[PDB]
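Data block below; observations after.
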Number of protein chains: 2
Amino acid sequence: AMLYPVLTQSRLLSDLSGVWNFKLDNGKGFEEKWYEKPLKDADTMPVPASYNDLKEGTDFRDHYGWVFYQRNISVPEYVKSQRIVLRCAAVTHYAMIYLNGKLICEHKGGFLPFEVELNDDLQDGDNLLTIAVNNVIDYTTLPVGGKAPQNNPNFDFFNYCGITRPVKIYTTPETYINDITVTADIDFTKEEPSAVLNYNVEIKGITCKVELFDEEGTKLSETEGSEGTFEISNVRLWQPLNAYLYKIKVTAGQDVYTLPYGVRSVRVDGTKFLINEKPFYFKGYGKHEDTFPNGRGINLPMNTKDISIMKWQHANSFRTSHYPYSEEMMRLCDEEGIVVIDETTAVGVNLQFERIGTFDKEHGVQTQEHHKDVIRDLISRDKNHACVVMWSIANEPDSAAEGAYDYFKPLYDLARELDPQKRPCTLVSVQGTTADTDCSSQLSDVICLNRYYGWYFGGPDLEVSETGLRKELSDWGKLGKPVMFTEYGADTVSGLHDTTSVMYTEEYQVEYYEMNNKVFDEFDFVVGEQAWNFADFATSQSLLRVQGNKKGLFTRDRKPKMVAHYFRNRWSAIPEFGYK
Amino acid sequence: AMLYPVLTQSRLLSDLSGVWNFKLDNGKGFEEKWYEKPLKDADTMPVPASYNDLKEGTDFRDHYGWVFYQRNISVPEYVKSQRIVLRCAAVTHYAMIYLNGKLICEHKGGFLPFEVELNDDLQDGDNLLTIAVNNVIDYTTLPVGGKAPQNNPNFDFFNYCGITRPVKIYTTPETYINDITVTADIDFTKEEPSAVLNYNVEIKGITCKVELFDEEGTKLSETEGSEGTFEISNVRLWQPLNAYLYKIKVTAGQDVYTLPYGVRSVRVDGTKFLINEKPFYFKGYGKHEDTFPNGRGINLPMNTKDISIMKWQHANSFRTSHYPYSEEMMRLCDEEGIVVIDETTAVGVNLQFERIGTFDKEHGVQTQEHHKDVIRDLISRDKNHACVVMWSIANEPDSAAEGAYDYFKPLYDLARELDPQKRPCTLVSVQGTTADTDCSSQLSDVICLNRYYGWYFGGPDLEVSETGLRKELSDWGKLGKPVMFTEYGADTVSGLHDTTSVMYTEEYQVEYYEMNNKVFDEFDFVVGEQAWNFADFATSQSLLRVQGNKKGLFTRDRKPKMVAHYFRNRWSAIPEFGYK
Ligand SMILES: CNc1nc2sc3c(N4CCN([C@@H]5O[C@H](C(=O)O)[C@@H](O)[C@H](O)[C@H]5O)CC4)nnnc3c2c2c1CCCC2
Ligand SMILES: CNc1nc2sc3c(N4CCN([C@@H]5O[C@H](C(=O)O)[C@@H](O)[C@H](O)[C@H]5O)CC4)nnnc3c2c2c1CCCC2
Ligand SMILES: CNc1nc2sc3c(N4CCNCC4)nnnc3c2c2c1CCCC2
Ligand SMILES: CNc1nc2sc3c(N4CCNCC4)nnnc3c2c2c1CCCC2
């Protein structure tokens with residue numbers, strides 16, 4: 001369980017972000033005890049941020065192995081009173097915290113938070129904090145390092161690493177709040193729908209009371225109970241592009257924490273994805289925590305810029321593509337009313353492109369245990385987010401291979417059981433699968449395709465490509481379930497133009513999406529269009545990557561390609577609800 | 001006096017940065033008491049960052065007037081023990097802090113820090129912090145708003161405003177450290193130069209002792225005295241591109257603060273700018289705190305990227321162009337060994353381009369009082385920075401007009417008297433002045449020109465332009481002083497190319513700098529070449545601005561133009577010292 005550190009009367013918060021000392025491991029790093037003494041001949045390195053692009057030459061950009069972040073720490077003795085904790089929101093890949101020279105914590109997983117307490121190794125005076133980060137990826141990591149001394153991603157984005165998100169120090173009373181959970185039942189029956197919310201607070205280390213406020217701070221109800229309930233008639237339902245967030249003050253044993261919460265219902269019904277009992281239609285794109293020169297590092301300004309562009313463009317949703325995003329971005333979609341598809345680090349679980357099969361148990365992937373710890377850690381983190389309407393177990397696994405069904409079912413189950421809101425589960429299907437062959441047809445509530453008819457398939461022949469896409473999508477309808485496209489797009493170099501289009505031209509990109517959009521619009525069970533990608537992003541080099549991935553509607557610096565004006569006009573004529 | 005808030009055994013630091021509530025004033029804002037209640041129908045807005053580009057449409061970008069930032073605050077009662085302070089590192093233009101509804105502080109000046117104490121209005125529970133920001137610029141602001149309801153900058157950059165730099169909360173013992181000062185005397189005579197540093201600590205609200213450490217934390221000397229001294233034989237001299245920073249722990253009355261410091265000497269001698277008694281040569285550029293979509297907002301990653309590019313390019317210096325930069329960037333140049341020319345907000349003090357004269361006292365500028373408070377606040381902030389080797393009182397004032405000399409002398413004097421290191425003073429001369437006509441010839445230790453022979457003057461005729469530049473620079477030598485160019489450049493659209501160059505082409509830009517660089521190299525009293533600009537940046541719209549200022553060597557996203565490879569080759573063959 002991981003609550004978002006905030007400033008409360010009961011808890012303090014001090015950011016450690018800034019320029020830290022930094023050294024690339026030379027192999028002999030751990031041998032000598034760098035985590036013991038202050039790094040020598042060190043380099044400077046802002047935190048929070050990916051370090052790959054922040055220096056010059058390939059030696060930083062393409063480093064294999066470990067790096068050492070190092071910074072000094074010092075708390076006021078008058079604080080030992082309360083509990084001292086170190087929250088690392090995300091260290092890409094493996095983290096190893098040393099204080100004063102001793103290991104204190106260790107973590108696997110580059111995109112989710114982890115904490116460690118400091119009360120009993122926090123010395124007096126100036127303490128030597130050391131965070132060593134490893135970037136190696138393999139068949140035991142999610143995301144999955146392939147075989148082709150260098151990391152070779154089995155995924156189409158660059159392997160940005162370092163202290164990707166912030167490192168803070170918060171405190172707490174000795175017995176504290178540790179995990180608040182809230183769910184809602186809404187009775188749309190009444191012409192003025194109302195709702196009953198179920199609280200479930202948890203403490204560790206006494207009386208606990210719950211206060212419920214409205215948008216403006218107006219209190220409206222109170223109760224006591226580490227597992228009580230609450231009633232709200234004439235309830236302001238959170239809605240896509242129309243967020244309403246209540247707030248919640250849990251006072252419990254000299255400790256109080258506040259939580260926003262939006263009241264809405266998610267439910268699949270036949271070929272309809274329903275939000276607050278209405279037939280939604282996804283409009284938006286798959287995104288990437290990718291900016292220059294931050295790498296995958298957190299970027300509050302671009303977060304707001306990205307959401308400003310989405311509203312300008314008349315979109316309503318995005319998918320945390322290939323990894324969970326920052327907590328800040330998740331809260332922002334709550335405030336702004338952005339429907340989010342929250343997705344795990346499970347990309348590259350596919351060895352298809354003697355031959356080893358993906359789910360061979362001696363020579364194939366070794367990810368299921370960690371895949372489970374991710375599903376749990378992620379749902380623990382974002383369970384209370386009204387923006388989250390669905391979960392994505394994995395992006396493009398070899399889901400039509402043998403071993404496939406056996407791999408994923410234990411993970412779907414774990415997901416369906418750990419979501420206090422029992423939200424729809426899916427996985428994003430790669431090109432090649434079909435209704436009959438895809439283990440997703442059974443395990444998933446929503447069929448999410450990534451199809452590229454007009455690019456990989458059939459490009460530059462958009463007629464032949466249309467025939468293919470009708471044929472395949474037609475078949476997908478026989479499952480009687482909601483199907484949305486989570487990726488489709490074409491690599492386009494901003495600036496390349498032509499009257500009779502050729503591939504890579506802004507005109508070819510617009511035509512591609514006209515064909516796909518025409519076919520989408522023929523099937524009432526298509527409940528979503530999400531283009532890949534929102535914006536150009538960095539990938540590993542290869543002959544097929546024109547200085548990265550150029551499938552964005554926008555450039556890496558958020559300037560619109562012609563296609564961005566095509567979608568803005570199309571999405572403006574398509575409602576959040578009732579499109580079918 | 002303003003010390004950089006850091007984490008010490010005696011003091012805590014909690015960042016307030018994040019997504020704050022935000023509303024554009026509609027005129028009726030102050031009338032109604034928005035600073036009293038929680039903003040209603042608010043918008044989201046990251047802090048720290050300029051807000052102009054973070055939303056869509058001209059209504060944010062071009063707002064005239066006030067905006068309201070608003071966030072909730074809550075400290076742990078167990079802190080009232082110590083002093084509570086709110087440090088606003090920079091609110092562009094005018095700031096007005098309200099707590100719980102009461103004004104607590106007010107500030108003028110968009111680029112320097114200001115604080116306010118909270119102990120006696122900091123309520124218990126959740127407090128409503130409100131920061132109202134004004135963007136209006138006029139003859140009473142530095143920088144100077146011109147006459148041509150809209151702000152019209154009399155300066156060539158966009159009027160980015162909002163909470164430009166971070167807002168934090170630190171604490172202190174009741175009697176505390178308030179301003180440490182250190183100076184150095186070096187005896188280059190000895191073949192192993194040594195040095196004696198003079199401490200000068202200050203407290204407010206007891207024993208105080210000073211500890212001196214070396215790079216790696218090795219203590220090396222101790223003493224007691226709020227105005228004592230210190231001795232260091234075999235001293236590691238801070239040097240351009242070879243920084244050595246000692247550290248300093250001032251323990252005083254249950255309060256301790258640490259300070260880095262580099263030992264170096266700055267001294268002009270004839271036509272030689274001497275650092276550690278050696279003839280330096282400035283290599284670098286004028287920069288701008290300008291990134292997308294941050295605006296003028298702080299950007300730790302780009303700060304490190306910018307400094308990585310400078311070392312890649314073989315530069316040694318930059319000028320805080322048109323305003324002081326963040327404290328973080330200033331400390332970074334200390335660590336990295338970047339020579340900095342620290343400059344004030346005093347740009348647009350020039351009405352030349354019945355006619356009013358700049359320094360008319362009824363109808364011209366009204367900036368001298370504030371100009372003084374800036375010189376003092378700035379030197380108070382950066383006095384201890386080894387990277388700072390010079391001060392810039394103003395960028396391109398009408399320095400050859402009547403009233404000119406009378407305006408600036410009181411400011412030069414105030415500057416020369418308040419710098420504990422008695423560092424060189426200058427002002428950057430606009431095109432048009434000459435040795436005879438420029439009040440800078442007398443008041444300044446270094447003549448700093450901004451010339452544009454090859455662009456504004458003479459372009460596209462580089463021959464005629466060379467004749468002009470030789471003629472003018474020749475004359476400037478008669479003053480027997482060091483002269484460096486702080487700006488020269490040509491607007492260049494990355495991507496426009498030609499074999500026979502035309503203006504705006506990457507080839508014309510390279511040729512421009514070849515001509516100017518050839519002439520520079522003829523005069524041994526030219527001690528510096530700093531190109532304008534390091535990178536493309538945003539300006540107000542006009543027929544002469546091709547989507548901003550395109551004079552960068554790099555694009556706004558830090559990608560090199562051809563000229564960036566020309567300088568990197570040239571600067572690699574030119575030493576920091578002894579070039580003449
Ligand atoms: C019609 N038959 C084909 N089908 C396919 S599928 C495929 C392929 N994957 C697709 C799916 N993406 C997904 O989409 C995005 C992207 O690819 O840009 C990624 O960014 C994103 O992370 C990822 O989710 C990951 C990788 N990569 N390369 N070639 C192909 C290929 C080809 C053909 C025909 C021969 C030429 C190649
Ligand atoms: C040879 N005779 C001329 N001399 C000059 S001088 C001038 C002018 N200033 C120069 C100086 N900059 C400075 O340099 C940068 C820049 O200009 O880009 C600015 O970014 C930077 O902030 C600022 O410090 C500020 C503004 N602006 N426009 N025209 C001219 C002009 C012209 C002519 C001939 C006719 C055409 C125009
Ligand atoms: C794991 N992600 C992928 N998935 C796929 S699918 C497919 C294909 N098709 C699919 C349709 N059926 C006929 C054959 N042809 N070539 N490459 C691919 C392909 C690739 C990758 C990534 C590596 C590069 C190629
Ligand atoms: C305050 N900054 C400026 N300074 C200058 S100087 C000059 C010039 N020259 C100078 C050389 N002597 C002959 C006349 N011609 N046109 N515009 C200018 C000019 C301008 C500005 C800014 C406003 C736009 C024009």
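Residues in the structure tokens are named by chain (A, B, ... in the order shown) and by number from 1 within that chain; ligands are numbered from 1 in the order shown.
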For this session: Can you check which residues of chain A have any atom within 6 Å of chain B? Use only C-alpha atoms and format it as a ChimeraX atom specification.
Result: /A:8-10,13-15,46,54-55,74-76,125,301,305,308
With ligand 2 as the partner and 6 Å as the cut-off, tabulate the residues of chain B that qualify, each row holding the nearest pair of atoms and their distance in Å to one decimal, using only C-alpha atoms and all ligand atoms, sorted by chain and rising number, as a Markdown table.
```
| residue | atom | partner | partner_atom_place_in_ligand_line | distance |
| --- | --- | --- | --- | --- |
| B:156 | CA | ligand 2 | 22 (O) | 4.7 |
| B:430 | CA | ligand 2 | 11 (C) | 5.9 |
| B:431 | CA | ligand 2 | 6 (S) | 5.2 |
| B:456 | CA | ligand 2 | 33 (C) | 4.4 |
| B:457 | CA | ligand 2 | 1 (C) | 3.3 |
```
Next, the residues of the selection above should be written as a PDB file, in the first residue's frame with N, CA, C and O atoms.
```pdb
ATOM      1  N   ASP B 156      13.446  42.458 -26.101  1.00  0.00           N
ATOM      2  CA  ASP B 156      13.223  41.486 -27.165  1.00  0.00           C
ATOM      3  C   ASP B 156      13.031  40.081 -26.635  1.00  0.00           C
ATOM      4  O   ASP B 156      13.595  39.140 -27.188  1.00  0.00           O
ATOM      5  N   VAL B 430      24.601  49.283 -26.587  1.00  0.00           N
ATOM      6  CA  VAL B 430      23.785  49.046 -27.807  1.00  0.00           C
ATOM      7  C   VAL B 430      24.522  49.564 -29.037  1.00  0.00           C
ATOM      8  O   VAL B 430      25.464  50.343 -28.882  1.00  0.00           O
ATOM      9  N   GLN B 431      24.066  49.129 -30.210  1.00  0.00           N
ATOM     10  CA  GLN B 431      24.604  49.591 -31.509  1.00  0.00           C
ATOM     11  C   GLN B 431      24.336  51.085 -31.635  1.00  0.00           C
ATOM     12  O   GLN B 431      23.202  51.504 -31.384  1.00  0.00           O
ATOM     13  N   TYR B 456      21.745  43.610 -38.760  1.00  0.00           N
ATOM     14  CA  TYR B 456      21.138  44.965 -38.736  1.00  0.00           C
ATOM     15  C   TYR B 456      22.032  45.934 -39.509  1.00  0.00           C
ATOM     16  O   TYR B 456      21.513  46.645 -40.369  1.00  0.00           O
ATOM     17  N   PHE B 457      23.328  45.965 -39.205  1.00  0.00           N
ATOM     18  CA  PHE B 457      24.262  46.781 -39.972  1.00  0.00           C
ATOM     19  C   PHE B 457      24.855  45.953 -41.103  1.00  0.00           C
ATOM     20  O   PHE B 457      25.642  45.031 -40.856  1.00  0.00           O
TER      21      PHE B 457
END
```
For this session: State, in Å with one decimal place, the distance from CA of residue 515 (chain A) to CA of residue 531 (chain A).
Result: 13.3 Å
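Between residue 458 (chain A) and the candidates A:512, A:22, A:523, A:476, the tightest atom-to-atom separation, counting only C-alpha atoms, involves A:512.
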For this session: Find the spatial neighbours of residue 466 (chain A), counting only C-alpha atoms, within a cut-off of 9 Å - ignore same-chain residues fewer than 3 positions away - and output them as a PyMOL selection string.
Result: chain A and resi 453-454+458+461-463+469-471+515-516+519
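For ligand 4, the neighbouring polymer residues at 8 Å or closer are residues 154, 155, 156, 348, 349, 350, 351, 352, 353, 396, 397, 398, 430, 431, 432, 433, 456 and 457 of chain B, only C-alpha atoms and all ligand atoms being used.
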Surrounding residues as a CSV table (one decimal) with N, CA, C and O atoms, in the first residue's frame, ligand 1, max 10 Å, only C-alpha atoms and all ligand atoms:
```
chain,number,residue,atom,x,y,z
A,154,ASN,N,13.3,-5.4,-26.0
A,154,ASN,CA,12.3,-6.1,-26.7
A,154,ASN,C,11.0,-5.3,-26.8
A,154,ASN,O,9.9,-5.8,-26.7
A,155,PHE,N,11.2,-4.0,-26.9
A,155,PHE,CA,10.1,-3.0,-26.8
A,155,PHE,C,10.6,-1.8,-27.5
A,155,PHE,O,11.8,-1.5,-27.6
A,156,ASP,N,9.6,-1.0,-28.1
A,156,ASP,CA,9.9,0.0,-29.0
A,156,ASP,C,10.1,1.4,-28.4
A,156,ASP,O,9.6,2.4,-28.9
A,157,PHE,N,10.7,1.5,-27.2
A,157,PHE,CA,11.1,2.8,-26.7
A,157,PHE,C,12.5,2.7,-26.1
A,157,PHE,O,13.0,1.6,-25.8
A,286,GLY,N,-2.4,6.7,-27.3
A,286,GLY,CA,-1.5,6.1,-26.4
A,286,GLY,C,-0.3,7.1,-26.2
A,286,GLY,O,0.0,7.8,-27.2
A,287,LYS,N,0.1,7.3,-25.0
A,287,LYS,CA,1.2,8.3,-24.8
A,287,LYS,C,2.4,7.6,-24.3
A,287,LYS,O,2.5,6.4,-24.3
A,288,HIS,N,3.4,8.5,-23.9
A,288,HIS,CA,4.7,8.0,-23.4
A,288,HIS,C,5.2,9.1,-22.4
A,288,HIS,O,5.0,10.2,-22.8
A,321,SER,N,0.8,4.0,-21.6
A,321,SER,CA,1.5,3.1,-22.6
A,321,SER,C,2.8,2.5,-22.1
A,321,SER,O,3.7,3.2,-21.9
A,322,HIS,N,2.7,1.1,-21.9
A,322,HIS,CA,4.0,0.3,-21.6
A,322,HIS,C,4.5,0.6,-20.1
A,322,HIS,O,5.6,0.0,-19.8
A,347,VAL,N,5.6,-5.2,-21.1
A,347,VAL,CA,5.8,-5.2,-22.6
A,347,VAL,C,7.0,-5.9,-22.9
A,347,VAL,O,8.0,-6.0,-22.1
A,348,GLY,N,7.0,-6.5,-24.1
A,348,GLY,CA,8.1,-7.5,-24.5
A,348,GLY,C,7.9,-8.9,-24.0
A,348,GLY,O,8.9,-9.7,-24.0
A,353,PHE,N,8.9,-12.4,-32.7
A,353,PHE,CA,9.8,-11.6,-33.5
A,353,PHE,C,10.8,-10.8,-32.7
A,353,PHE,O,10.4,-10.2,-31.7
A,394,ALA,N,-1.0,-6.3,-20.0
A,394,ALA,CA,0.2,-6.4,-20.8
A,394,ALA,C,0.0,-5.8,-22.2
A,394,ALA,O,-1.1,-5.9,-22.8
A,395,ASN,N,1.1,-5.2,-22.7
A,395,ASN,CA,1.0,-4.7,-24.1
A,395,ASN,C,1.7,-5.7,-25.0
A,395,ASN,O,2.8,-6.0,-24.9
A,396,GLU,N,0.9,-6.1,-26.0
A,396,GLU,CA,1.3,-7.0,-27.0
A,396,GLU,C,2.2,-8.2,-26.6
A,396,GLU,O,3.3,-8.5,-27.1
A,397,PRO,N,1.7,-9.0,-25.7
A,397,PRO,CA,2.3,-10.3,-25.4
A,397,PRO,C,2.0,-11.3,-26.6
A,397,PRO,O,1.0,-11.0,-27.4
A,428,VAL,N,-3.5,-5.7,-24.5
A,428,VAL,CA,-3.5,-5.1,-25.8
A,428,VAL,C,-2.9,-6.1,-26.8
A,428,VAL,O,-1.8,-6.4,-26.7
A,429,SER,N,-3.7,-6.4,-27.8
A,429,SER,CA,-3.4,-7.5,-28.8
A,429,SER,C,-2.5,-7.0,-30.0
A,429,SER,O,-2.9,-6.1,-30.7
A,430,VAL,N,-1.4,-7.8,-30.2
A,430,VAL,CA,-0.5,-7.4,-31.3
A,430,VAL,C,-1.1,-7.8,-32.7
A,430,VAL,O,-2.1,-8.6,-32.7
A,431,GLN,N,-0.5,-7.3,-33.8
A,431,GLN,CA,-0.9,-7.7,-35.1
A,431,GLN,C,-0.7,-9.1,-35.4
A,431,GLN,O,0.4,-9.6,-35.0
A,432,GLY,N,-1.6,-9.9,-35.9
A,432,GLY,CA,-1.4,-11.3,-36.1
A,432,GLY,C,-2.5,-12.1,-35.4
A,432,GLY,O,-3.1,-13.0,-36.0
A,449,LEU,N,-7.2,-3.8,-29.7
A,449,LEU,CA,-6.3,-4.1,-30.8
A,449,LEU,C,-5.3,-3.0,-31.0
A,449,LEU,O,-5.6,-1.8,-30.7
A,450,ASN,N,-4.1,-3.4,-31.5
A,450,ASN,CA,-3.1,-2.6,-32.1
A,450,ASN,C,-3.0,-3.0,-33.5
A,450,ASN,O,-2.3,-4.0,-33.8
A,451,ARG,N,-3.6,-2.3,-34.5
A,451,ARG,CA,-3.5,-2.7,-35.8
A,451,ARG,C,-2.9,-1.6,-36.7
A,451,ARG,O,-3.0,-0.4,-36.3
A,452,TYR,N,-2.2,-2.0,-37.7
A,452,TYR,CA,-1.4,-1.1,-38.6
A,452,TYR,C,-1.7,-1.3,-40.0
A,452,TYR,O,-0.8,-1.4,-40.9
A,453,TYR,N,-3.0,-1.5,-40.4
A,453,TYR,CA,-3.4,-1.6,-41.8
A,453,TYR,C,-3.2,-0.2,-42.4
A,453,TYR,O,-3.8,0.8,-42.0
A,454,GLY,N,-2.2,-0.1,-43.4
A,454,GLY,CA,-1.9,1.2,-44.0
A,454,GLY,C,-0.4,1.5,-43.7
A,454,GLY,O,0.1,2.4,-44.4
A,455,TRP,N,0.2,0.8,-42.8
A,455,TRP,CA,1.6,0.9,-42.5
A,455,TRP,C,2.3,-0.4,-42.7
A,455,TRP,O,2.6,-0.8,-43.8
A,456,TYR,N,2.6,-1.1,-41.5
A,456,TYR,CA,3.2,-2.5,-41.6
A,456,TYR,C,2.4,-3.4,-42.5
A,456,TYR,O,3.0,-4.0,-43.4
A,457,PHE,N,1.1,-3.4,-42.3
A,457,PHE,CA,0.2,-4.2,-43.3
A,457,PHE,C,-0.3,-3.2,-44.4
A,457,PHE,O,-1.1,-2.3,-44.1
A,458,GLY,N,0.2,-3.5,-45.6
A,458,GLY,CA,-0.5,-3.0,-46.8
A,458,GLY,C,0.0,-1.7,-47.3
A,458,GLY,O,-0.2,-1.4,-48.5
A,459,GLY,N,0.7,-0.9,-46.5
A,459,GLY,CA,1.2,0.4,-46.9
A,459,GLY,C,2.2,0.2,-48.0
A,459,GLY,O,3.1,-0.6,-47.9
A,465,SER,N,-5.4,-2.4,-47.7
A,465,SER,CA,-5.3,-2.3,-46.3
A,465,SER,C,-6.7,-2.1,-45.7
A,465,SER,O,-7.0,-2.6,-44.6
A,468,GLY,N,-8.4,-5.5,-45.7
A,468,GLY,CA,-7.9,-6.3,-44.6
A,468,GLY,C,-8.5,-5.9,-43.3
A,468,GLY,O,-9.0,-6.8,-42.5
A,486,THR,N,-6.4,0.5,-29.6
A,486,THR,CA,-5.5,1.2,-28.7
A,486,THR,C,-4.2,1.8,-29.4
A,486,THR,O,-3.6,2.6,-28.9
A,487,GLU,N,-4.0,1.3,-30.6
A,487,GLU,CA,-2.9,1.9,-31.4
A,487,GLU,C,-3.2,1.7,-32.9
A,487,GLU,O,-3.7,0.7,-33.4
A,488,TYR,N,-3.0,2.8,-33.7
A,488,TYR,CA,-2.9,2.8,-35.1
A,488,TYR,C,-2.3,4.1,-35.5
A,488,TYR,O,-2.5,5.1,-34.8
A,489,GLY,N,-1.5,4.1,-36.5
A,489,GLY,CA,-0.7,5.3,-36.9
A,489,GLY,C,0.3,5.0,-38.0
A,489,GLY,O,0.4,3.9,-38.5
A,490,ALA,N,1.0,6.1,-38.3
A,490,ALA,CA,2.0,6.0,-39.4
A,490,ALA,C,3.1,7.0,-39.1
A,490,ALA,O,2.9,8.1,-38.8
A,491,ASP,N,4.3,6.5,-39.3
A,491,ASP,CA,5.5,7.3,-39.1
A,491,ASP,C,5.5,8.5,-40.1
A,491,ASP,O,5.4,8.3,-41.3
A,532,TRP,N,-1.8,6.0,-32.1
A,532,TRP,CA,-0.4,5.9,-31.6
A,532,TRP,C,0.5,6.7,-32.6
A,532,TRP,O,0.3,6.5,-33.8
A,533,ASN,N,1.2,7.7,-32.1
A,533,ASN,CA,1.2,8.0,-30.7
A,533,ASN,C,0.8,9.5,-30.5
A,533,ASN,O,0.7,10.2,-31.5
A,536,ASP,N,5.8,12.2,-30.9
A,536,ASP,CA,7.1,11.6,-31.2
A,536,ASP,C,8.0,11.3,-30.0
A,536,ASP,O,8.1,12.2,-29.2
A,537,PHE,N,8.6,10.2,-29.9
A,537,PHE,CA,9.4,9.8,-28.7
A,537,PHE,C,10.7,9.0,-29.1
A,537,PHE,O,10.8,8.4,-30.2
A,538,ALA,N,11.6,8.9,-28.1
A,538,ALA,CA,12.9,8.3,-28.4
A,538,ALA,C,12.8,6.7,-28.4
A,538,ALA,O,12.1,6.1,-27.5
A,539,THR,N,13.5,6.1,-29.3
A,539,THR,CA,13.6,4.7,-29.3
A,539,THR,C,15.1,4.3,-29.5
A,539,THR,O,16.0,5.2,-29.6
A,544,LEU,N,14.8,1.2,-39.1
A,544,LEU,CA,13.4,1.5,-39.2
A,544,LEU,C,12.9,2.7,-38.3
A,544,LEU,O,11.7,2.9,-38.2
A,545,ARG,N,13.8,3.4,-37.7
A,545,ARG,CA,13.5,4.5,-36.7
A,545,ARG,C,14.2,5.7,-37.2
A,545,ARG,O,15.5,5.8,-37.1
A,548,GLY,N,14.2,8.1,-33.9
A,548,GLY,CA,13.1,7.8,-33.0
A,548,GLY,C,11.8,7.4,-33.6
A,548,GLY,O,11.8,7.1,-34.8
A,549,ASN,N,10.8,7.3,-32.8
A,549,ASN,CA,9.4,7.0,-33.3
A,549,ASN,C,8.7,8.2,-33.7
A,549,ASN,O,8.5,9.1,-32.9
A,550,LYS,N,8.4,8.3,-35.0
A,550,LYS,CA,7.7,9.5,-35.6
A,550,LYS,C,6.2,9.3,-35.9
A,550,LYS,O,5.7,9.9,-36.8
A,551,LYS,N,5.6,8.4,-35.1
A,551,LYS,CA,4.1,8.2,-35.3
A,551,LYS,C,3.3,9.2,-34.6
A,551,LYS,O,2.0,9.0,-34.6
A,552,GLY,N,3.9,10.2,-33.9
A,552,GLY,CA,3.1,11.1,-33.2
A,552,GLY,C,2.1,11.9,-34.0
A,552,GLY,O,2.3,12.1,-35.2
```
Seminar exercise, completed: A straight line from CA of residue 410 (chain B) to CA of residue 363 (chain B) spans 20.7 Å
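Closest approach to ligand 3 from the set A:493, A:553, A:562, A:148 is made by A:148, with distances taken over only C-alpha atoms and all ligand atoms.
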Problem set entry | strand (DSSP E) positions in region 1-167 of chain A, given as a VMD selection string | chain A and resid 13 to 15 18 to 24 43 to 47 66 to 73 83 to 88 94 to 99 102 to 108 114 to 117 127 to 134 145 to 146 152 to 153 167
